[PDB]
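Asker: Let me give you the structure first, and then I'll get to my questions.
What is reported rests on the model, the rules as stated and the sources as named; no laboratory instrument gave them. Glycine gets a Cβ as well: all are built from the backbone with ideal geometry, and neighbour counts include every protein chain shown.
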Amino acid sequence: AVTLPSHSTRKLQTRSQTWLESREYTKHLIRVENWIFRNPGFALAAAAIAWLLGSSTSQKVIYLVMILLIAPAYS
Amino acid sequence: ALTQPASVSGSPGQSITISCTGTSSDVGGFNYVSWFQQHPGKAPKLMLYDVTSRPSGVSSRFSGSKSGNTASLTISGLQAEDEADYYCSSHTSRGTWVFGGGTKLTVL
Amino acid sequence: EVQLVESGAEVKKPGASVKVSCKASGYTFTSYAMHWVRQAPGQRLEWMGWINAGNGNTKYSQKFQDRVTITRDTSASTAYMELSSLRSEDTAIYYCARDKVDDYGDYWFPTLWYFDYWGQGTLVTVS
Amino acid sequence: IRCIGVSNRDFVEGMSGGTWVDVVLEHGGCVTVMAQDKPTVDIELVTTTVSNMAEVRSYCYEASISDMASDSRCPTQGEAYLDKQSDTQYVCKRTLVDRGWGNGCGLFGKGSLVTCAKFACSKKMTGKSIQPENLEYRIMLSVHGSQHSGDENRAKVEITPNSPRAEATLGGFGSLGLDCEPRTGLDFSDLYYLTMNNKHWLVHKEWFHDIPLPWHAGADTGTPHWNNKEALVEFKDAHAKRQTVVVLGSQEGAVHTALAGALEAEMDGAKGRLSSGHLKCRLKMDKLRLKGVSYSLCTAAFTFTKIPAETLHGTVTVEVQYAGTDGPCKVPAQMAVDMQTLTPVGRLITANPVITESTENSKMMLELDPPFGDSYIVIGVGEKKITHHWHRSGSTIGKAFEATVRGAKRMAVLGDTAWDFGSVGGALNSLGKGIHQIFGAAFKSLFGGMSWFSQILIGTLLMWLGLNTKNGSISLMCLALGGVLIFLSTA
Amino acid sequence: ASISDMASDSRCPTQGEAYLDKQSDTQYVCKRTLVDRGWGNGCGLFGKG
Amino acid sequence: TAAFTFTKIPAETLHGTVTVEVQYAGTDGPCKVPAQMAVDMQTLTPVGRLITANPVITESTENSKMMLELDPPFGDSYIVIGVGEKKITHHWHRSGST
């Protein structure tokens with residue numbers, strides 16, 4: 001069906017390569033980059049919402065990053 | 001319901017094996033495997049229960065083994081009084097009993 | 001010691017019904033379950049069913065679910081098997097075998113050595 | 001030999017228990033165990049076969065649908081009921097439809113529609129349960145000595161939990177005893193064996209159970225009965241006046257990506273071969289002897305036949321040819337500097353090299369561990385000693401750094417077991433192993449549901465957190481970060 | 001209501017799950033639970049079947 | 001003083017105890033079964049507890065059978081049955097902690 005849990009949660013650790021090892025990092029970065037490239041307006045909106053939250057600058061930057069990670073996954 | 005060879009023959013003094021192939025519900029999953037010997041005229045006699053285990057007054061020549069879905073009775077040192085019918089039986093998972101086709105052993 | 005003795009051989013025309021007993025001796029009849037096994041001439045053995053002589057529960061095989069009735073008589077230490085609507089295929093030898101019933105009085109799981117003692121047999125001839 | 005070119009081989013030198021040495025064998029590389037007066041032995045794990053697995057819950061990844069039917073009721077009646085809802089082979093769905101006075105129902109509310117379609121499955125995939133019993137490992141070991149670069153020098157050892165210890169008999173060399181731990185090797189009590197279509201995987205439990213696909217439940221005997229029967233059937237409806245049933249597409253490429261971090265496996269007949277695990281063996285080398293001692297020295301001539309080559313770890317393999325017919329005979333060989341004073345520098349990995357045949361031109365291969373400077377491989381006795389010039393690259397400091405990197409990678413791969421590779425046995429080793437067990441349990445409980453990116457993200461996040469938190473928990477964060485980020489950047 | 005011929009199916013601790021052929025029949029009420037098993041009962045393993 | 005074989009396996013009960021079923025090949029009559037739980041086969045030091053009797057084989061025939069149960073330590077260990085050079089051993093792992 002639609003959910004189909006990923007197995008990388010329970011990755012079997014051994015000397016040999018796992019099933020699809022070469023694709024993990026580029027997988028997630030590609031999803032995020034493609035969504036942000038298609039929708040920049042939400043980059044603006046997430047910057048604003050993150051600015052309204054969090055006192056210090058570090059908190060606001062962390063909020064911006066976490067919003068821009070939650071949005072492409074619709075998690 | 002259990003696949004057994006039609007007949008098996010062996011000269012006196014050597015070992016021989018009778019196999020019994022079942023499914024994952026009767027022989028594959030359970031240690032409920034028994035071997036009965038039946039001389040003509042008499043009623044069957046329990047030769048082995050619990051796969052390997054055997055009753056008290058039974059000669060230690062009869063041995064039992066099991067691998068996957070196949071049980072096996074092994075007779076080492078084939079004696080004279082061994083020509084009879086050998087039947088394997090198993091208690092299925094659903095609570096019923098199944099018997100084997102039957103094997104006529106000939107000591108020649 | 002343990003002795004299961006059945007009634008003598010019987011001949012019946014098709015359509016009739018046979019009733020074969022199995023008298024037990026040498027042990028406590030109430031604490032054992034009796035199985036009935038049919039053997040065709042020179043063929044495999046066929047399990048037909050069992051009866052728990054303690055409380056009276058029975059279980060028949062799918063092949064004989066609606067043709068066989070097994071009952072018991074504790075006071076007389078007997079187990080009767082009645083087969084109705086006989087056919088030419090039913091010409092075979094009927095054996096009875098004991099099996100120990102669990103200490104709780106139920107017969108859910110059989111004991112590893114099911115058919116440790118048998119009956120001598122009884123030939124039912126369908127003509 | 002058999003481990004010269006492996007590039008993931010480990011040297012287990014000496015013994016302080018005098019008799020035995022612990023060792024963890026992995027599928028990737030092999031171990032050369034070298035004692036003080038015993039022949040070097042190369043030990044490798046080759047295959048692990050699993051036997052007589054029991055089927056559990058085959059799923060269905062390609063569905064097919066069949067004669068659809070439907071039933072409908074006027075707006076004020078009961079509910080639609082198809083006589084094929086009492087059949088466990090049909091997928092049925094009930095909805096509401098606009099009806100009335102045009103369709104042939106005199107009332108205008110919403111009627112009830114039921115649509116059913118017969119479900120059939122092509123290409124079920126099936127998982128099977130592995131028990132740590134009836135799981136067999138094959139260990140191949142070989143001895144150094146007389147074998148040329150290309151049987152009293154090799155042995156094969158089958159190890160199952162029923163017989164965890166064995167003795168490899170190497171004629172004239174004695175016998176190597178191995179007591180091994182086959183059960184606790186790779187945790188095969190959470191791992192199923194999955195097959196889809198002639199492709200088999202080693203898969204975790206609790207991933208093979210949270211899959212949303214129509215599943216049977218073990219013994220497929222007659223007419224198969226799929227339990228979820230949806231997740232491959234979509235019930236659309238047109239503009240409030242119809243209903244349609246479609247099937248989803250074959251789901252085999254979605255599972256292939258759902259599997260990621262699940263090991264590949266192969267299968268021969270009823271048995272499944274894994275090529276990734278790790279066994280732990282204690283090696284008792286107390287019946288290992290040196291075959292070559294009490295041999296007269298070979299004094300005819302020696303010629304290099306291939307060249308001295310350098311393995312990936314610094315050692316030097318040398319293949320020599322002997323000219324004289326002497327017999328079983330001991331080869332003189334060493335590493336030297338300052339050929340006036342032939343003082344043995346470096347160490348030679350072959351335990352003892354001996355020429356074992358009595359023919360004209362015999363062949364032998366030895367290997368040796370040269371020092372780091374320039375040196376000379378000297379083979380021969382006198383006035384006929386061939387010398388080859390050798391140059392080894394990196395100082396001892398680089399060797400210690402590479403040793404620590406190998407140890408870190410072995411820890412990241414094996415978890416707590418890494419403390420058992422030279423486990424001769426001390427209070428310090430046991431203390432380290434214990435505190436590592438505690439910390440590993442804690443870390444696997446807290447983290448360990450993350451996959452190279454969640455771990456990198458949380459590593460950077462906690463790294464900033466510990467860097468600027470200014471409390472005494474700085475160290476706790478940064479250490480957890482060391483753990484996480486190396487667990488990422490080492491695999 | 002009225003009830004009729006009961007039946008049951010059991011499996012060893014490390015197997016799949018029990019399955020009666022009368023679970024694919026919409027005229028039967030079926031319930032699945034866990035039962036103590038092992039060695040004595042006749043299946044060699046000791047978990048819950 | 002004979003050789004023992006493992007008829008089935010050393011199964012694990014729910015509470016951690018091991019059940020072992022052994023078969024005896026010699027004919028020494030009623031005799032004690034030497035059984036222990038050990039690590040470090042070099043120095044056979046008894047670790048754990050054997051929740052069974054001073055296990056004995058009753059019959060005097062060629063092949064007899066026995067069932068004994070053991071309470072092993074939490075680490076990895078070996079079931080050691082037999083006296084010397086014929087002692088069968090089995091590898092066994094227990095999960096919990098004290």
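Asker: Please enumerate the residues belonging to the stretch E:24-49 that are of a type outside the set (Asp, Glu) and more than 25 Å from B:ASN69 (Cα to Cα). Talk me through it step by step, then tell me what you get.
Answerer: Within the stretch E:24-49, the first condition is being of a type outside the set (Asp, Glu), and the residues that meet it are E:24, E:26-35, E:37-49.
Passing the criteria: E:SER24, E:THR26, E:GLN27, E:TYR28, E:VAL29, E:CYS30, E:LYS31, E:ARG32, E:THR33.
Asker: Could you tell me whether C:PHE109 is closer than 20 Å to C:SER7 by Cα, within 10 Å of another protein chain (Cβ to nearest Cβ) and part of a loop (DSSP other than H, G, I, E, B)?
Answerer: On the way: closer than 20 Å to C:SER7 by Cα: no; within 10 Å of another protein chain (Cβ to nearest Cβ): yes; part of a loop (DSSP other than H, G, I, E, B): yes.
Answer is no for this residue.
Conditions tested, residue by residue: (1) within 30 Å of D:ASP268 (Cα to Cα); (2) outside the structural domain of D:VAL405 (by CATH); (3) part of a loop (DSSP other than H, G, I, E, B).
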residue: D:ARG2; (1), (2), (3): yes, yes, yes
residue: D:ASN8; (1), (2), (3): yes, yes, yes
residue: D:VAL24; (1), (2), (3): yes, yes, no
residue: D:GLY28; (1), (2), (3): yes, yes, yes
residue: D:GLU44; (1), (2), (3): yes, yes, no
residue: D:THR47; (1), (2), (3): yes, yes, no
residue: D:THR95; (1), (2), (3): no, yes, no
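Asker: Something else about it: Pick from F:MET66, F:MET41: which is within 11 Å of another protein chain (Cβ to nearest Cβ) and of a type in the set (A, V, I, L, M, F, W, C)? Don't jump to the end; show me each part of the working.
Answerer: Numbers: F:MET66 fails: within 11 Å of another protein chain (Cβ to nearest Cβ).
It is F:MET41.
Asker: Output the residue which, of all residues in the stretch C:112-127 that are more than 7 Å from chain B (Cβ to nearest Cβ) and not aromatic (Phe, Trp, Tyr), is surrounded by the most Cβ atoms within 10 Å (Cβ to Cβ). Outline the logic, then answer.
Answerer: Going residue by residue through the stretch C:112-127, those that are more than 7 Å from chain B (Cβ to nearest Cβ) are C:117, C:122-127.
If we keep only those that are not aromatic (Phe, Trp, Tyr) as well, we get C:122-127.
Numbers: C:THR122: 21, C:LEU123: 13, C:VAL124: 18, C:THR125: 14, C:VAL126: 17, C:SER127: 9.
Among them, the one singled out is C:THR122.
Asker: Provide a single number: the residues in the stretch D:122-177 that are more than 30 Å from F:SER77 (Cβ to Cβ) and either within 13 Å of chain F (Cβ to nearest Cβ) or out of contact with any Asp or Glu (no Cβ under 7 Å at 6 or more places or on another chain) (or both).
Answerer: Taking the stretch D:122-177 and keeping what is more than 30 Å from F:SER77 (Cβ to Cβ), we get D:122-127, D:142-154, D:171-173.
Of the ones still in play, those that are also either within 13 Å of chain F (Cβ to nearest Cβ) or out of contact with any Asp or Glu (no Cβ under 7 Å at 6 or more places or on another chain) (or both) are D:124-125, D:127, D:143-147, D:150-154, D:173.
Count: 14.
Asker: Let me confirm something: among D:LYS280, D:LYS291, which residue is in a loop (DSSP other than H, G, I, E, B), under 30 Å from D:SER423 (Cβ atoms) and among the charged types (D, E, K, R)?
Answerer: Within the list D:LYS280, D:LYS291, the selection yields D:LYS291.
Asker: Does any residue in the stretch A:31-58 that is closer than 11 Å to A:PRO72 by Cα come within less than 8 Å, Cβ to Cβ, of a residue that is loosely packed, with under 12 Cβ neighbours inside 10 Å six or more places away or on a different chain, and which pairs are these?
Answerer: As it stands, the answer is A:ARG31/A:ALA73, since those pairs meet every condition given.
Asker: Still on this model: Looking at (1) facing another protein chain (nearest Cβ under 9 Å); (2) in a strand (DSSP E or B); (3) under 17 Å from the mean Cα position of the chain (by Cα), find the lone condition where D:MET267 falls short.
Answerer: With (1) facing another protein chain (nearest Cβ under 9 Å); (2) in a strand (DSSP E or B); (3) under 17 Å from the mean Cα position of the chain (by Cα) applied to D:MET267, the lone miss is (1).
Asker: Of these, D:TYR81, D:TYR90, which one is among the aromatic types (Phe, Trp, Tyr) and in contact with a helix residue (DSSP H, G or I) (Cβ under 7 Å, 6 or more places away or on another chain)? Don't jump to the end; show me each part of the working.
Answerer: Numbers: D:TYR81 fails: in contact with a helix residue (DSSP H, G or I) (Cβ under 7 Å, 6 or more places away or on another chain).
Going through D:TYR81, D:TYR90 in turn, just one is among the aromatic types (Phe, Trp, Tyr) and in contact with a helix residue (DSSP H, G or I) (Cβ under 7 Å, 6 or more places away or on another chain): D:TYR90.
Residues checked against (1) over 22 Å from the mean Cα position of the chain (by Cα); (2) surrounded by fewer than 17 Cβ atoms within 10 Å (Cβ to Cβ); (3) over 26 Å from A:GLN13 (Cβ atoms):
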| site | (1), (2), (3) |
| --- | --- |
| D:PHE401 | yes, yes, no |
| D:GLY426 | yes, yes, yes |
| D:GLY459 | yes, no, no |
| D:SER475 | yes, yes, yes |
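Asker: Among the residues of the stretch C:92-111, which ones are buried (at least 20 other Cβ atoms within 10 Å of the Cβ) and more than 14 Å from the chain's Cα centre (by Cα)?
Answerer: Selection gives C:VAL101, C:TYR107, C:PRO110.
Asker: Limited to the stretch D:219-253, what total is found for residues that are within 11 Å of chain A (Cβ to nearest Cβ) and surrounded by 16 or more Cβ atoms within 10 Å (Cβ to Cβ)?
Answerer: 7
Asker: I'd like to know if the stretch D:392-411 contains one or more residues that are part of a strand (DSSP E or B) and not β-branched (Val, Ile, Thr). Walk me through it before giving the result.
Answerer: First, the residues of the stretch D:392-411 that are part of a strand (DSSP E or B): none.
No; the residues of the stretch D:392-411 include none that is part of a strand (DSSP E or B) and not β-branched (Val, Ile, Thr).
Asker: Condition first: touching a strand residue (DSSP E or B) at 6+ places or on another chain (Cβ under 8 Å) and not hydrophobic (A, V, I, L, M, F, W, C). Now tell me which residues in the stretch D:383-409 satisfy that.
Answerer: Step one: filter the stretch D:383-409 for residues touching a strand residue (DSSP E or B) at 6+ places or on another chain (Cβ under 8 Å), giving D:384-392, D:406.
Within the stretch D:383-409, D:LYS384, D:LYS385, D:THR387, D:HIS388, D:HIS389, D:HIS391, D:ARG392, D:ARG406 qualify.
Asker: Determine if the stretch C:9-19 includes at least one residue that is more than 20 Å from B:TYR32 (Cβ to Cβ) and either within 14 Å of chain B (Cβ to nearest Cβ) or under 11 Å from the mean Cα position of the chain (by Cα) (or both). Please lay out each step first, then the result.
Answerer: Looking only at the stretch C:9-19, we keep the residues that are more than 20 Å from B:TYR32 (Cβ to Cβ), and these are C:9-19.
Checking the rest, the ones that are also either within 14 Å of chain B (Cβ to nearest Cβ) or under 11 Å from the mean Cα position of the chain (by Cα) (or both) come to C:9, C:19.
Within the stretch C:9-19, one or more residues are more than 20 Å from B:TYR32 (Cβ to Cβ) and either within 14 Å of chain B (Cβ to nearest Cβ) or under 11 Å from the mean Cα position of the chain (by Cα) (or both).
Asker: Quick one: which of C:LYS100, C:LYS63 is under 20 Å from E:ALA7 (Cα atoms) and within 14 Å of chain B (Cβ to nearest Cβ)?
Answerer: Every option except C:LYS63 fails the conditions.
Asker: Related question: Condition first: out of contact with any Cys (no Cβ under 8 Å at 6 or more places or on another chain), outside any loop (DSSP other than H, G, I, E, B) and not hydroxyl-bearing (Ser, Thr, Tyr). Now tell me which residues in the stretch D:55-72 satisfy that. If you could, list the steps in order and put the result at the bottom.
Answerer: Narrowing the stretch D:55-72 to residues out of contact with any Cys (no Cβ under 8 Å at 6 or more places or on another chain): D:55-59, D:61, D:65-67, D:71-72.
Retained after the next criterion (residues that are outside any loop (DSSP other than H, G, I, E, B)): D:55-59, D:61, D:65, D:71-72.
Correct list: D:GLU55, D:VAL56, D:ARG57, D:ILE65, D:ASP71.
Asker: While we're on this one: Among helices (runs of 4 or more DSSP H) lying entirely in the stretch A:3-74, which contain 1 or more residues that are polar (S, T, N, Q) and under 22 Å from D:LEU465 (Cβ atoms)?
Answerer: Ranges flagged: A:57-73.
Asker: Are there any strands (runs of 3 or more DSSP E) wholly within the stretch B:36-108 with 1 or more residues that are closer than 20 Å to C:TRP113 by Cβ and facing another protein chain (nearest Cβ under 8 Å), and if so which?
Answerer: Numbers: elements: B:45-48, B:62-67, B:70-75, B:85-91, B:97-99, B:103-106.
Hits in the stretch B:36-108: B:45-48, B:85-91, B:97-99.
Asker: Being among the β-branched types (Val, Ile, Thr), part of a loop (DSSP other than H, G, I, E, B) and facing chain D (nearest Cβ under 9 Å) is the requirement here; does E:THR33 meet it?
Answerer: On the way: among the β-branched types (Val, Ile, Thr): yes; part of a loop (DSSP other than H, G, I, E, B): yes; facing chain D (nearest Cβ under 9 Å): no.
The answer is no for E:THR33.
Asker: Looking at the stretch D:133-158 only, could you name the residues that are in contact with a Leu (Cβ under 9 Å, 6 or more places away or on another chain), in a loop (DSSP other than H, G, I, E, B) and surrounded by fewer than 18 Cβ atoms within 10 Å (Cβ to Cβ)?
Answerer: D:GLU152
Asker: Any residue at all in the stretch D:194-202 that's surrounded by 18 or more Cβ atoms within 10 Å (Cβ to Cβ), touching a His at 6+ places or on another chain (Cβ under 6 Å) and outside the structural domain of D:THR19 (by CATH)?
Answerer: No, every residue in the stretch D:194-202 fails to be surrounded by 18 or more Cβ atoms within 10 Å (Cβ to Cβ), touching a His at 6+ places or on another chain (Cβ under 6 Å) and outside the structural domain of D:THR19 (by CATH).
Asker: Would you mind stating whether A:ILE70 is β-branched (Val, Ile, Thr) and surrounded by 12 or more Cβ atoms within 10 Å (Cβ to Cβ)? Write out each step before concluding.
Answerer: Working: β-branched (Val, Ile, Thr): yes; surrounded by 12 or more Cβ atoms within 10 Å (Cβ to Cβ): no.
Against the criterion (β-branched (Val, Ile, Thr) and surrounded by 12 or more Cβ atoms within 10 Å (Cβ to Cβ)), A:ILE70 does not qualify.
Asker: Scan the stretch D:78-104 for residues that are farther than 22 Å from D:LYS236 by Cβ and surrounded by 14 or more Cβ atoms within 10 Å (Cβ to Cβ) and report the count.
Answerer: Matching residues across the stretch D:78-104 total 3.
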